[PDB]
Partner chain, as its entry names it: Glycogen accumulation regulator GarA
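In structure tokens, the next block holds one chain alone, the form deposited without its partner chain.
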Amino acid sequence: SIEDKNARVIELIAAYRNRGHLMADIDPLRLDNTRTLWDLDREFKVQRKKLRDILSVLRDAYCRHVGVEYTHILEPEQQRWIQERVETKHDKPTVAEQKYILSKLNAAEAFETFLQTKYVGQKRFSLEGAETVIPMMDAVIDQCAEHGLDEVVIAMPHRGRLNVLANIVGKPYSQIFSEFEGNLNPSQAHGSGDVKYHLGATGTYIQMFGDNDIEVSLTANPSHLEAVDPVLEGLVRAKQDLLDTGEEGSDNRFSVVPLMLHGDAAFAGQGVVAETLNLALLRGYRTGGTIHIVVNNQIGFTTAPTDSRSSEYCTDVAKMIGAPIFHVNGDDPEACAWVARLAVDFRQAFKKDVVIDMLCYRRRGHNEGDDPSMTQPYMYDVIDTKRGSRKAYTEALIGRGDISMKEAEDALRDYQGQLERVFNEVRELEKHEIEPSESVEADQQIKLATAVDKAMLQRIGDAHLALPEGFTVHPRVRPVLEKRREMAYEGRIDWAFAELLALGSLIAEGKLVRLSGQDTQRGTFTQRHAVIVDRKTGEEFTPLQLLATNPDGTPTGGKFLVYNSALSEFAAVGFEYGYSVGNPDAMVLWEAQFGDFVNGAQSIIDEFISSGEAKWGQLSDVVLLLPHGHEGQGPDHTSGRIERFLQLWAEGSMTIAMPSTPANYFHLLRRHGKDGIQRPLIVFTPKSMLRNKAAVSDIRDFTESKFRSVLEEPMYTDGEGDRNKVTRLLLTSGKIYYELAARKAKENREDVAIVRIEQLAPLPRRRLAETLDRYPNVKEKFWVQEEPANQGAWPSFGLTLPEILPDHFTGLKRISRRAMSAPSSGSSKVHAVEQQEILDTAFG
């Protein structure tokens, strides 16, 4: 029947669109083997088309060298856009464009073979077998320049990293040969440094055929595969906010493009990939779509794909955000460049991620000193019989008569001869002396005033009541706004308001403030209310945003960007780190729900925050707010692991603090934002102490004071206390101070003094010695803490204080909870009995 045949043609059209990719000739190695007739000339309704013409369009679009996955996309306009661009007769590239593609393949393979000759076996993680990644990346960048965009920022692992640096970003060949030689000048040898395949670079890309230029950057990274992914996103988002493009901009161009490269085993196996993809369309994190390239060489070291993933493709995780996926044959450079341009066009049209799965192979072992035939003999027997993409592409151009055999040979020896001359120039250089690496501490140094005036406090207070017309405030939120106006004019300022006084005053001075984390708009402890929601309409009001406008109506240049994060730690912390790298003038704070969950971001803390300056010269001013304290809420609601951050600390790389007063926290944040130093800040913040009526500050503590790294009891600095009566000195940090002070007051213990160390790192050596010198009759000193003996500040202070200050801390003893495997007990009642034991020992 006629109605019967038309319906089966509709099923065939759907079959090619949905599953044609399973039959596309995408694998250059062809490792897998398993991978009527009278109706062809009859016409069918689609316009009317002959079945033969319908099928040829479908086979060409879906079953040649490109496997298209797009029918999983829920937006019909996105499916239609792809359908219309892939189901057409494509215009062949010009001879000039083909010669340009060959010039890039030439550079890619000849760079690798040169290094094989000069530095045999030495680790370089060659791109050989995946040379088409260079004309593919060139096509991405050129298409971004065609759209008139501002910058392309790249993040990538080790595979062909040295090739991308030299042949895409423009890192001088001489500098790459200087790393191989191990002859580093003083600039190159600064800090502790990192391996050659982890370094970054920047340059200007000039269009070969077009009239535009675009900036190209490549960020630094650790060995930890995919860990840089959220860092790239944050870095790009900060550059977009600065250019007033994208989400927090005036134009929707998102004119800074993330280009993210991956390896096949890492893309499927590392969870941070899913966490980063999850940020792609979020208001607080979107970058208008990332261009992903997977260098799918169908191996991970010695591991076969069947042991690396539980899905058909290494890119199947990208289906979580409905991204289109293009699987392309790495031996077809024209198809590779075409997919790269289509991906940029899709990203520009829908501001969403696009994934390119480039199927290729690894010419050599995992690293150039490894033999891959021991574990993959069949794969390497096939690779051995293979002509590279450069030679195959050259033969195609010679066959078409576009270039001659002599021209191709000449261009090869010209590039080889070029490398030899740069190689010999570098070899002639006088050898720099090799010295032990030195601390970066002195590279960045801090009179900085952080006090504000009464008018500033009052303005921030009044902003909380300058509600939009007809705004219905929630009845339990209204007292917070009214109490803040009261605190601003009368004092008794609590921690939550002191934080907003610091951020609000920075905004009024013209600073961009970005604050985020889990339920951070309201605050986990219902304390912040950075955003308030209309009880009747759901409309939002952000009081601190009013501080971005001067009293005369002019802008300050400042802004308040406050968001609820996704439920992530690894990607969220990575993003905020990257954001502060991308905009050093921004105040960037990430808040943990509880300090106990920041161990989910351990790779970012270890590999970027604590060590990036010494390793790469990369600076970040990110703040981590870690709610911390022994309150009887259990082992996962007690500790931000102070001891781990103090262990990681070295070379003045981070500032670590546990403030005990609202005003000292205010001055800490203002010093951090205004010091001109780009170094992370770790703050152990309160929970119950937010509502401790003793933990409040006077107006003069904000207007006539500064950050105090060491604090004495107010009875000695302002009261009638006698320091000479003190025979026992208790040294502590954080909320336990208020419990020790309450016990001293109850028992009138004039023989005991409590000294707080507000800044845990760097140790305030001079301030501590000066403070202790004011108590001449001290006979015994104790470090008092809530935390178990193997936790808190004792593991580092117990070793460092008697060493740095021998005349003050020889014989320093510890008062704490016993050493524990978990950060606390799970029972509130057990916590309470242990807490009272510390207080009784301290005054016993």
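Numbering follows the first chain given and starts at 1. Take the two forms, find the largest set of C-alpha atoms that superpose within 1.5 Å, and that set is the rigid core.
Hey, does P543 drop out of the model in a third or more of the other PDB entries compared here? Across the compared entries, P543 is modelled every time.
In at least a third of the other compared PDB entries, does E713 have no coordinates? No.
What does the record say about the segment between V46 and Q47: how many deposited residues are without coordinates (none, 1 to 3, 4 to 9, 10 or more)? 4 to 9 residues are missing.
Between neighbours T36 and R35, residues that the deposited sequence lists but the model omits: Gap between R35 and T36: 10 or more residues without coordinates.
With reference to the PDB entry, specify whether the mean Cα temperature factor is higher for 743 to 751 or for 486 to 494. Stretch with the greater average CA B-factor: 743 to 751.
Pick between 687 to 695 and 243 to 251: the one whose mean CA B-factor in the entry is higher. Mean C-alpha B-factor is greater for 243 to 251.
In terms of recorded Cα temperature factor, pick the maximum from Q143, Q518, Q416, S192. Going by the entry's C-alpha B-factors, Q416 comes out highest.
Name the one of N367, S223, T732, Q188 with the greatest CA B-factor according to the PDB entry. Largest recorded C-alpha B-factor: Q188.
Entry-reported Cα temperature factor of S796, expressed as the chain third it lands in: It belongs to the middle third of the chain when residues are ordered by C-alpha B-factor.
Would you mind ranking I677 by its C-alpha B-factor against the rest of the chain and naming the third, lowest, middle or highest? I677: CA B-factor falls in the highest third of its chain.
Among the chain's modelled residues, which third holds the C-alpha B-factor of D60? Its C-alpha B-factor, which the entry lists for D60, ranks in the middle third among residues of this chain.
Could you say whether, by C-alpha temperature factor, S389 belongs to the lowest, middle or highest third of its chain? Within its chain, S389 is a highest-third residue by C-alpha B-factor, going by the deposited values.
Please rank the C-alpha B-factors of the chain's modelled residues and tell me whether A24 sits in the lowest, middle or highest third. Middle third of the chain for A24's C-alpha B-factor.
There is also a form deposited with its partner chain bound; it is not shown, and the following applies to it.
Among 584 to 592, 506 to 514, 205 to 213, 620 to 628, which stretch sits within 4.5 Å of its partner chain in the entry with it bound, heavy atoms only? Result for this chain: 205 to 213.
Within 4.5 Å, heavy atoms only: does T450 come near its partner chain in the entry with it bound? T450: no, not in contact with its partner chain in the entry with it bound.
With a cut-off of 4.5 Å between heavy atoms, is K104 one of the residues that contacts its partner chain in the entry with it bound? Looking in the entry with it bound, residue contacts with its partner chain include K104, since a heavy atom lies within 4.5 Å.
Is there a heavy atom of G417 lying 4.5 Å or less from a heavy atom of its partner chain in the entry with it bound? Answer yes; at least one heavy atom of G417 falls within 4.5 Å of its partner chain in the entry with it bound.
Can you check whether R421 is within 4.5 Å of its partner chain in the entry with it bound, heavy atom basis? Yes.
If you check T287, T219, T685, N167 against its partner chain in the entry with it bound, which one has a heavy atom within 4.5 Å? Partner contact (heavy atom, 4.5 Å) among the options: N167.
Can you pick out, from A96, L465, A742, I398, the residue that has a heavy atom within 4.5 Å of its partner chain in the entry with it bound? Contact residue from the list: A96.
If you fit the rigid core and then compare C-alpha positions between this form and the one not shown, only one of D519, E509, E409, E75 moves by 2 Å or more. Name it. Flagged residue: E409.
Comparing between this form and the one not shown on the rigid core: C-alpha of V120 shifted by 2 Å or more? Passes the 2 Å threshold, so yes.
For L105, state whether the C-alpha moves by 2 Å or more between this form and the one not shown after rigid core superposition. After core superposition, the C-alpha of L105 moves less than 2 Å between this form and the one not shown.
After fitting the core, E486 CA displacement of 2 Å or more between this form and the one not shown: Superposed on the core, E486 moves its C-alpha less than 2 Å between this form and the one not shown.
Work out the direction of the Cα-Cα change for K123 and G612 in the entry with it bound: closer or farther than in this form? It's 3 angstroms or more. Here the pair is closer than in the entry with it bound; there, farther apart.
So the Cα-Cα distance between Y361 and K123 shifts by 3 Å or more in the entry with it bound; is it shorter or longer than what we see here? It is closer: the C-alpha separation of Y361 and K123 falls by at least 3 Å in the entry with it bound.
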